[PDB]
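What follows is one structure encoded as structure tokens, with my remarks underneath.
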Amino acid sequence: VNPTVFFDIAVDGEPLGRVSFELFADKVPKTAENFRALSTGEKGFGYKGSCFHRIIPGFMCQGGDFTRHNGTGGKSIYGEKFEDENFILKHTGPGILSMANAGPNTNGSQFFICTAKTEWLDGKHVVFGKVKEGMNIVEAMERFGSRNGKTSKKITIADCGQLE
């Protein structure tokens with residue numbers, strides 16, 4: 001019943017590969033549905049064509065700012081930022097998919113993919129999914145990050161949508 005979504009990643013416009021995610025709608029339905037709808041584009045806006053603007057090797061890849069492309073933008077499907085749904089799921093290791101935010105109850109569209117265990121984020125960011133296939137593609141993306149997060153090549157979501 002949990003939905004599956006995919007990203008087709010490109011690097012300076014050249015195809016890299018596909019990452020797919022299980023979204024934990026059984027656990028965090030409002031948060032999963034936001035990410036699912038933004039990935040299909042069915043509200044008229046979403047992730048297609050956006051970039052991963054902040055990548056820190058050994059930590060995480062952050063994206064989802066489809067508005068301002070730099071970490072200052074993005075919006076949810078709900079017409080305003082929305083609440084932290086629950087913190088049932090924890091940041092256990094690589095592949096965890098979690099919401100970026102600007103403090104309590106400020107979820108929009110920005111998310112990150114962990115490339116390590118990041119337990120110090122438990123209770124601050126809502127975990128809502130995990131990489132299902134293509135963790136190797138996230139590992140390839142990670143190599144274009146840097147210590148302060150600036151990417152050395154443009155990492156883009158060339159296409160995205162819902163599988164199955």
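Residues are referred to by chain and number: the chain letter is A, B, ... according to the order shown in the structure tokens, the number counts from 1 in that chain, and ligands are numbered separately from 1 in the order shown.
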_residue 162 in chain A surroundings by only C-alpha atoms, 8 Å radius, close-in-sequence under 6 positions cut, as a PyMOL selection string_ = chain A and resi 3-6+36+39-40
Could you please take those selected residues and save N, CA and C atoms as a compact mmCIF listing (two decimals), in the first residue's frame?
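Dumped everything to result.txt:
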```
# COMPACT_ATOMS: atom_id res chain seq x y z
N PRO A 3 3.24 3.97 -1.23
CA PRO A 3 3.59 4.35 -2.60
C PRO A 3 5.09 4.32 -2.84
N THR A 4 5.44 4.16 -4.11
CA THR A 4 6.83 4.20 -4.57
C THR A 4 6.96 5.34 -5.58
N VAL A 5 8.00 6.15 -5.43
CA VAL A 5 8.25 7.23 -6.36
C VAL A 5 9.68 7.14 -6.86
N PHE A 6 9.91 7.71 -8.04
CA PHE A 6 11.26 7.68 -8.60
C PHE A 6 11.74 9.07 -8.97
N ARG A 36 4.76 12.62 -2.44
CA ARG A 36 4.22 11.88 -3.58
C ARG A 36 3.61 12.81 -4.62
N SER A 39 6.10 14.81 -6.45
CA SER A 39 6.86 13.99 -7.39
C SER A 39 6.06 13.68 -8.66
N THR A 40 4.73 13.58 -8.57
CA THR A 40 3.95 13.41 -9.80
C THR A 40 3.76 14.72 -10.54
```
*asked:* I'd like the contact shell of range 80-84 of chain A - 12 Å cut-off, only C-alpha atoms, skipping same-chain residues fewer than 3 positions apart - returned as a ChimeraX atom specification.
replied: /A:28-32,34,73-77,87-88,98-110,122-128
Dump N, CA, C and O atoms for the selected residues as a compact mmCIF listing (two decimals), in the first residue's frame?
```
# COMPACT_ATOMS: atom_id res chain seq x y z
N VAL A 28 3.32 8.06 8.29
CA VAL A 28 3.29 9.52 8.18
C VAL A 28 2.53 9.90 6.91
O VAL A 28 3.11 10.38 5.93
N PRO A 29 1.21 9.72 6.90
CA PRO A 29 0.44 9.94 5.66
C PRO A 29 0.50 11.35 5.10
O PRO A 29 0.59 11.49 3.88
N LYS A 30 0.38 12.39 5.92
CA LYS A 30 0.37 13.75 5.38
C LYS A 30 1.73 14.10 4.77
O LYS A 30 1.81 14.77 3.73
N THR A 31 2.80 13.63 5.40
CA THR A 31 4.13 13.94 4.89
C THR A 31 4.43 13.13 3.64
O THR A 31 4.96 13.67 2.65
N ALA A 32 4.06 11.85 3.64
CA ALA A 32 4.24 11.03 2.44
C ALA A 32 3.44 11.57 1.26
O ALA A 32 3.93 11.55 0.12
N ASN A 34 2.44 14.65 0.59
CA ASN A 34 3.08 15.86 0.07
C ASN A 34 4.17 15.49 -0.93
O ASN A 34 4.15 15.94 -2.08
N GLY A 73 13.65 28.47 -0.77
CA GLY A 73 12.28 28.41 -1.26
C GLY A 73 11.60 27.07 -1.07
O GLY A 73 11.87 26.33 -0.12
N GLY A 74 10.70 26.74 -2.00
CA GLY A 74 9.89 25.54 -1.93
C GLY A 74 8.57 25.81 -1.22
O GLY A 74 8.42 26.74 -0.44
N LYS A 75 7.58 24.97 -1.53
CA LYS A 75 6.28 25.05 -0.88
C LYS A 75 5.63 23.67 -0.87
O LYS A 75 5.85 22.85 -1.76
N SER A 76 4.81 23.43 0.16
CA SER A 76 4.06 22.20 0.26
C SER A 76 2.85 22.23 -0.67
O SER A 76 2.57 23.23 -1.34
N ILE A 77 2.10 21.12 -0.68
CA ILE A 77 0.84 21.10 -1.42
C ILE A 77 -0.32 21.67 -0.62
O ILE A 77 -1.45 21.69 -1.14
N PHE A 87 7.46 11.90 14.96
CA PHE A 87 8.86 11.52 14.89
C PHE A 87 9.01 10.03 15.20
O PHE A 87 9.96 9.60 15.86
N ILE A 88 8.09 9.21 14.69
CA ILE A 88 8.12 7.78 14.98
C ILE A 88 9.35 7.14 14.37
O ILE A 88 10.05 6.35 15.02
N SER A 98 14.06 12.30 4.62
CA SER A 98 13.57 13.10 5.74
C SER A 98 13.32 14.55 5.30
O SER A 98 13.89 15.03 4.32
N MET A 99 12.46 15.24 6.04
CA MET A 99 12.09 16.61 5.69
C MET A 99 13.09 17.63 6.22
O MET A 99 13.43 17.63 7.41
N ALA A 100 13.55 18.50 5.34
CA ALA A 100 14.26 19.69 5.78
C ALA A 100 13.26 20.66 6.36
O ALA A 100 12.06 20.58 6.09
N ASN A 101 13.73 21.57 7.21
CA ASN A 101 12.82 22.57 7.76
C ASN A 101 13.61 23.75 8.32
O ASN A 101 14.84 23.77 8.30
N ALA A 102 12.86 24.74 8.81
CA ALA A 102 13.39 25.93 9.45
C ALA A 102 12.86 26.03 10.87
O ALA A 102 12.45 27.10 11.33
N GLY A 103 12.85 24.90 11.57
CA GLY A 103 12.42 24.89 12.94
C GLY A 103 11.11 24.13 13.06
O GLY A 103 10.56 23.64 12.07
N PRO A 104 10.57 24.05 14.27
CA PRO A 104 9.35 23.24 14.47
C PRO A 104 8.20 23.69 13.58
O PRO A 104 7.92 24.88 13.45
N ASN A 105 7.55 22.70 12.96
CA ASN A 105 6.32 22.89 12.20
C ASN A 105 6.49 23.89 11.05
O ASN A 105 5.68 24.80 10.87
N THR A 106 7.53 23.68 10.24
CA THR A 106 7.80 24.52 9.08
C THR A 106 8.14 23.68 7.85
O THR A 106 9.01 24.06 7.04
N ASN A 107 7.46 22.55 7.67
CA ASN A 107 7.71 21.70 6.50
C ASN A 107 7.14 22.32 5.22
O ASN A 107 5.99 22.76 5.19
N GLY A 108 7.95 22.34 4.16
CA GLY A 108 7.49 22.81 2.86
C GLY A 108 7.66 21.72 1.83
O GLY A 108 6.88 20.76 1.79
N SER A 109 8.69 21.84 0.97
CA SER A 109 8.98 20.82 -0.02
C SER A 109 10.41 20.30 0.05
O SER A 109 10.71 19.28 -0.59
N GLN A 110 11.29 20.96 0.79
CA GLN A 110 12.69 20.53 0.81
C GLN A 110 12.88 19.29 1.68
O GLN A 110 12.29 19.16 2.76
N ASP A 122 17.10 13.07 14.93
CA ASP A 122 15.87 12.47 15.44
C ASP A 122 15.11 13.44 16.34
O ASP A 122 15.67 13.99 17.29
N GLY A 123 13.83 13.64 16.03
CA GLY A 123 12.98 14.53 16.79
C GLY A 123 12.98 15.95 16.29
O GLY A 123 12.27 16.79 16.83
N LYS A 124 13.80 16.24 15.27
CA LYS A 124 13.85 17.56 14.66
C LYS A 124 13.37 17.55 13.22
O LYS A 124 12.84 18.55 12.75
N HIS A 125 13.59 16.45 12.51
CA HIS A 125 13.16 16.28 11.13
C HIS A 125 12.28 15.04 11.05
O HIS A 125 12.56 14.03 11.71
N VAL A 126 11.22 15.12 10.25
CA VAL A 126 10.27 14.02 10.09
C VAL A 126 10.80 13.08 9.02
O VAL A 126 10.93 13.46 7.84
N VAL A 127 11.11 11.85 9.42
CA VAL A 127 11.51 10.80 8.48
C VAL A 127 10.25 10.21 7.87
O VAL A 127 9.31 9.84 8.60
N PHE A 128 10.22 10.09 6.55
CA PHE A 128 8.99 9.66 5.90
C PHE A 128 9.21 8.68 4.76
O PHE A 128 8.23 8.30 4.11
```
*Quick one: pick out all strand (DSSP E) residues within chain A from a backbone DSSP run and write them as an NGL selection string.*
:A and (4-11 or 14-23 or 54-56 or 60-63 or 96-99 or 111-114 or 127-133 or 155-163)
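Distance check against residue 151 in chain A using only C-alpha atoms: of A:59, A:66, A:52, A:112, the minimum falls on A:52.
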*Identify which of the residues A:68, A:129, A:113, A:54 lies closest to residue 148 in chain A, counting only C-alpha atoms when measuring atom-to-atom distances.*
A:54
_Near-residue 140 in chain A list (10 Å; only C-alpha atoms; drop same-chain fewer than 4 positions) as a list in words_ = residues 11, 16, 17, 134, 135, 136, 144 and 145 of chain A
Go ahead and write the residues just picked, C-alpha atoms, as a tab-separated table (two decimals), in the first residue's frame.
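Written output follows (part-v1.tsv):
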```tsv
chain	number	residue	atom	x	y	z
A	11	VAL	CA	24.52	15.72	-13.84
A	16	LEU	CA	23.11	9.45	-14.28
A	17	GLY	CA	20.38	7.05	-13.17
A	134	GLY	CA	19.37	3.14	-6.70
A	135	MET	CA	21.30	3.95	-3.52
A	136	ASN	CA	24.34	3.63	-5.79
A	144	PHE	CA	29.82	16.06	-6.61
A	145	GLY	CA	29.28	17.68	-3.23
```
_From the options A:97, A:121, A:23, A:51, which residue's atoms come nearest to residue 153 in chain A, counting only C-alpha atoms?_
A:51
*Could you please determine the separation between CA of residue 143 in chain A and CA of residue 61 in chain A in Å, to one decimal place?*
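A separation of 10.2 Å between them.
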Would you give me, as an mmCIF file with N, CA and C atoms, in the first residue's frame, the residues in range 9-128 of chain A that DSSP reads as alpha helix (DSSP H)?
```
data_model
loop_
_atom_site.group_PDB
_atom_site.id
_atom_site.type_symbol
_atom_site.label_atom_id
_atom_site.label_comp_id
_atom_site.auth_asym_id
_atom_site.auth_seq_id
_atom_site.Cartn_x
_atom_site.Cartn_y
_atom_site.Cartn_z
ATOM 1 N N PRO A 29 1.206 9.717 6.904
ATOM 2 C CA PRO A 29 0.440 9.939 5.662
ATOM 3 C C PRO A 29 0.501 11.349 5.097
ATOM 4 N N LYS A 30 0.376 12.393 5.923
ATOM 5 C CA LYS A 30 0.370 13.751 5.380
ATOM 6 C C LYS A 30 1.729 14.100 4.773
ATOM 7 N N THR A 31 2.804 13.628 5.395
ATOM 8 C CA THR A 31 4.135 13.941 4.893
ATOM 9 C C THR A 31 4.433 13.134 3.639
ATOM 10 N N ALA A 32 4.061 11.847 3.642
ATOM 11 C CA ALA A 32 4.243 11.031 2.444
ATOM 12 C C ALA A 32 3.444 11.567 1.259
ATOM 13 N N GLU A 33 2.211 12.020 1.496
ATOM 14 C CA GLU A 33 1.357 12.467 0.397
ATOM 15 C C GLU A 33 1.900 13.748 -0.236
ATOM 16 N N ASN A 34 2.442 14.649 0.586
ATOM 17 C CA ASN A 34 3.082 15.856 0.072
ATOM 18 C C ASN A 34 4.169 15.490 -0.930
ATOM 19 N N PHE A 35 5.107 14.633 -0.515
ATOM 20 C CA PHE A 35 6.230 14.255 -1.368
ATOM 21 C C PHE A 35 5.761 13.490 -2.600
ATOM 22 N N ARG A 36 4.757 12.616 -2.438
ATOM 23 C CA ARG A 36 4.220 11.877 -3.581
ATOM 24 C C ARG A 36 3.609 12.812 -4.623
ATOM 25 N N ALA A 37 2.782 13.765 -4.177
ATOM 26 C CA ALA A 37 2.130 14.701 -5.089
ATOM 27 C C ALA A 37 3.138 15.625 -5.764
ATOM 28 N N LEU A 38 4.136 16.100 -5.018
ATOM 29 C CA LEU A 38 5.173 16.922 -5.636
ATOM 30 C C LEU A 38 5.979 16.123 -6.653
ATOM 31 N N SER A 39 6.105 14.807 -6.447
ATOM 32 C CA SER A 39 6.860 13.985 -7.389
ATOM 33 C C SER A 39 6.065 13.681 -8.657
ATOM 34 N N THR A 40 4.731 13.579 -8.572
ATOM 35 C CA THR A 40 3.947 13.410 -9.796
ATOM 36 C C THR A 40 3.760 14.725 -10.542
#
```
*Top pick for closest residue to residue 116 in chain A, considering A:64, A:79, A:58, A:149 and counting only C-alpha atoms*: A:58
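With only C-alpha atoms as the atoms that count, the residue of A:131, A:164, A:14, A:157 with the shortest distance to residue 65 in chain A is A:157.
The spacing separating CA of residue 47 in chain A from CA of residue 120 in chain A amounts to 27.0 Å.
Going from CA of residue 62 in chain A over to CA of residue 111 in chain A, you cover 5.8 Å.
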*Residues near residue 94 in chain A, cut-off 7 Å, only C-alpha atoms, skip fewer than 5 positions along chain, as a PyMOL selection string*: chain A and resi 114-117
Store the residues of this selection in a file with C-alpha atoms, as a JSON list (two decimals), in the first residue's frame.
```json
[["chain", "number", "residue", "atom", "x", "y", "z"],
["A", 114, "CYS", "CA", 20.97, 10.61, 4.32],
["A", 115, "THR", "CA", 24.21, 8.92, 3.29],
["A", 116, "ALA", "CA", 25.06, 7.89, 6.87],
["A", 117, "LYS", "CA", 23.44, 7.44, 10.25]]
```
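Among the candidates A:95, A:2, A:152, A:146, the residue lying nearest to residue 55 in chain A is A:146 (atoms considered: only C-alpha atoms).
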